[PDB]
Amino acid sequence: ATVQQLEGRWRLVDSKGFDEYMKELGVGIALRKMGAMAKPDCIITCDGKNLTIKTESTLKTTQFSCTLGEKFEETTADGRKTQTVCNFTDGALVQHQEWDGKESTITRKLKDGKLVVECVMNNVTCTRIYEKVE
């Protein structure tokens, strides 16, 4: 398995736990409603150790870029400014966020042709499944 295998435009087809994850973060109701109802596309591109992940929907449209293994300032959709590191480890892209003494992890994996995105903060989890747009 390689990081290049995650490249492409992906469309959200299933979600579990995402509102609960947003509540654990303390995201306010206006943003939670947007997250519960949005069906974003995720667009992942890489070039060696360079990675970009873009999100698109009528309700919001964010993007970050990084070098694998390098700490960087990530502005999240909910407006945190985190210290983030992304690594491709044991067949998963792992995105580790730290801010204000807190931490959250997002993983992204290829399974049976689908992109599986899993989030966690303080044992509150989500699982989101995407299918390739081609």
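In this text, residue numbers run from 1 along the sequence as written. So that the term is clear: the rigid core is the largest set of C-alpha atoms that superpose within 1.5 Å between two forms.
Novice: What stretch shows more C-alpha movement in 6 other deposited structures of this protein relative to this form, 58-66 or 79-87, after the core is superposed?
Specialist: Farther on average in 6 other deposited structures of this protein: 58-66.
Novice: Please tell me which region, 29-37 or 70-78, has C-alphas lying farther from the displayed form on average in 6 other deposited structures of this protein, with superposition done on the core.
Specialist: It is 29-37 that deviates more in 6 other deposited structures of this protein.
Novice: Determine, for stretches 29-37 and 74-82, which one has the higher mean CA B-factor as deposited.
Specialist: Comparing averages over the C-alpha atoms only gives 29-37.
Novice: Of the two stretches 55-63 and 42-50, which shows the higher Cα B-factor on average in the entry?
Specialist: Mean CA B-factor is higher for 55-63.
Novice: Per the entry, which of 12, 110, 124, 117 tops the list for Cα B factor?
Specialist: Comparing C-alpha B-factors across 12, 110, 124, 117, the top value belongs to 110.
Novice: Taking the chain's C-alpha temperature factors as the reference, tell me which third residue 89 falls into: lowest, middle or highest.
Specialist: Answer is highest: the recorded C-alpha B-factor places it there.
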